[PDB]
Amino acid sequence: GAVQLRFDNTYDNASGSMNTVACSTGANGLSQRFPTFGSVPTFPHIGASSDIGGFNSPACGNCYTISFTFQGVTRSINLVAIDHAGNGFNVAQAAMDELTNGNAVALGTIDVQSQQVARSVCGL
């Protein structure tokens, strides 16, 4: 079924610290692996997901193939989830723009298809 997707400019900034998100420290935290947002291998395909409950979630680092059909073209990206969202995905604007052929701001919130894939697809 579809999940909601919106953008959050927090993730657009490469120099942001992994210590600022839910997937910071602890057994499942990403801060040792990827100290900054820009270091995640799929950047700027990064964001928050409701799959991540909060700190130390085992869903930290999950890799998702996210698909959206707009103006008769289906577009897909692979994205790493690094933070908690209340409802579906909150992603870097740049990622939403890629998903939507540059319509992220114009759309604001969309329904996407999401499929988790292996961590390795995203370089994790």
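Throughout, a per-chain count from 1 in the order the sequence is written supplies the residue numbers; the entry may number residues differently, and those without coordinates are omitted. Only hydrogens and water are removed before side-chain values are computed, so all heavy atoms of the structure are retained for them.

- In terms of determination method and resolution, the entry is listed under X-ray crystallography at 1.34 Å.

1. Re the overall build of the protein chain
Here is step 1: Summing up its helical and strand segments, the protein chain has two helices and six strands in all.
Here is step 2: Each helix and strand of the protein chain, placed in order from N terminus to C terminus, yields the pattern β-β-β-β-β-α-α-β.
Here is step 3: The globule rule used here is 2.2 Å times the number of residues to the 0.38 power, and the radius of gyration it is set against is calculated over C-alpha atoms. Radius of gyration (C-alpha) of the protein chain: 13 Å, near the 14 Å computed for a compact globule of 124 residues.
Here is step 4: Seen through its principal axes, the protein chain has C-alpha atoms that stretch 45 × 30 × 25 Å. Secondary structure is summarised from DSSP: a helix means a run of H or I of at least four residues, a strand means a run of E of at least two, and numbering begins at the N terminus for each.

2. Thoughts on the state of the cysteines
Here is step 1: Note that a disulfide, as used here, is simply two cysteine sulfur atoms within 2.5 Å. Here the structure, examined in full by the defined rule, presents two disulfides.
Here is step 2: One disulfide in the model links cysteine 23 with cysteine 60; its S-S distance is 2.0 Å. On the sign convention where negative is left-handed, the bridge of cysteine 23 and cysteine 60, at about -80 degrees about the S-S bond, is left-handed. Residue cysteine 23 is found in the loop between β1 (3-7) and β2 (46-49), and its partner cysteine 60 is found in the loop between β2 and β3 (63-70); the two are separated by 37 residues along the sequence.
Here is step 3: Paired through a disulfide, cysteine 63 and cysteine 122 show a sulfur-sulfur distance of 2.0 Å. The chirality of the disulfide connecting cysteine 63 with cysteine 122 is right-handed, given an S-S dihedral of about 80 degrees. Of the two residues, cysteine 63 sits in strand β3 while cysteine 122 sits in the segment after β6 (109-117), which places them 59 residues apart along the sequence. Exposure class is identical for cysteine 63 and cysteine 122. Each is buried.
Here is step 4: Ordinal numbering of bonded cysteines along the protein chain defines a disulfide pattern of 1-2, 3-4. Residue burial is assigned from relative accessible area. The probe radius is 1.4 Å, only protein chains are included, and a residue is buried under 20% of its type maximum, exposed over 50%, and partly exposed in between.

3. Some points on the nonpolar core
Here is step 1: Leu5, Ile66 and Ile82 are the most contacted members of the largest nonpolar core, which has 37 residues in total.
Here is step 2: Of all the secondary-structure elements, those providing two or more residues to this core are β2, β3, β4 (73-84), β5 (89-91), α1 (93-99) and β6. Within this scheme, the nonpolar core is defined by two criteria: the residues are buried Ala, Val, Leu, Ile, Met, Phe, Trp, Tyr or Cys, and they are joined through side-chain atoms within 4.5 Å.

4. Points about the environment of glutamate 98
Here is step 1: Mapped onto the fold, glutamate 98 is located in helix α1.
Here is step 2: Residue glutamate 98 is classed as partly exposed on the basis of its relative accessible area, which comes to 39%.
Here is step 3: In this structure, the C-alpha to C-alpha distance between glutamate 98 and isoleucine 77, residues 21 residues apart in sequence, is 7.8 Å.
Here is step 4: In this analysis, two residues are considered to be in contact whenever any of their non-hydrogen atoms come within 4.5 Å of each other. Not counting residues within four places of it along the chain, the set of residues in contact with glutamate 98 comprises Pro44, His45, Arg75 and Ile77.

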